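Undergrad: Sequence first, structure after, both from an experimental entry:
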Amino acid sequence: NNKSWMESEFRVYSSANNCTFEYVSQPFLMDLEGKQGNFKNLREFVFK
Amino acid sequence: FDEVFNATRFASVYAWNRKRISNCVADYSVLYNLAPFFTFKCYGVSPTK
């Protein structure tokens, strides 16, 4: 995260024109790395 | 569904605001029974249905 204020990560897009649907909920990623290392993720996804 | 019509100042006649409605159990019988909301002439849907 950027220091001090709200980060500038939303540089993927700059302008939004018209909007139809919105959905806010818990993050899609429940995996956490806070436990320890030596173990990697095996995230799998299918978008149909 | 109160905040889109029942509010402070309505939309401009020329510039009408659009509110999206999703993920709700909206019940329109309350408006049916509400003496304010008497105008309910549905053109092709049964008004109480």
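TA: Sure, I can see it. Numbers count the residues shown, from 1 in each chain, chains lettered A, B, ... in the order given.

Undergrad: tell me the helices in chain B, going along the chain?
TA: Per DSSP state H, chain B carries helices over the ranges B:2-5, B:29-33.

Undergrad: what's near enough to touch the closest residue to residue B:48 other than its chain neighbours?
TA: Counting by C-beta to C-beta, 6 or more residues apart in numbering or on different chains, residue B:32 is the residue found nearest to residue B:48 once chain neighbours are left out, at 6.5 Å. For the C-beta atoms, the positions are set from N, CA and C on the backbone; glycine is no exception. Contact analysis of residue B:32 by C-beta atoms under 8 Å, 6 or more residues apart in numbering or on different chains lists B:40, B:47, B:48.

Undergrad: and the residue lying closest to residue B:24 once chain neighbours are set aside, how many neighbours does it have?
TA: Leaving out its chain neighbours, the residue that sits closest to residue B:24 by C-beta to C-beta, 6+ apart is residue B:1, at 7.2 Å. Residues lying near residue B:1 (other C-beta atoms under 10 Å in any protein chain shown) number 13.

Undergrad: measure residue B:1 to residue B:37 for me?
TA: As judged by C-beta to C-beta, to the nearest Å, residue B:1 and residue B:37 stand 12 Å apart.

Undergrad: Equivalent analysis for residue B:20, please.
TA: 21 Å.

Undergrad: Looking at the two, which one has more neighbours?
TA: Neighbours per residue, other C-beta under 10 Å: of residue B:20 and residue B:37, the larger number sits with residue B:37, 12 against 9.
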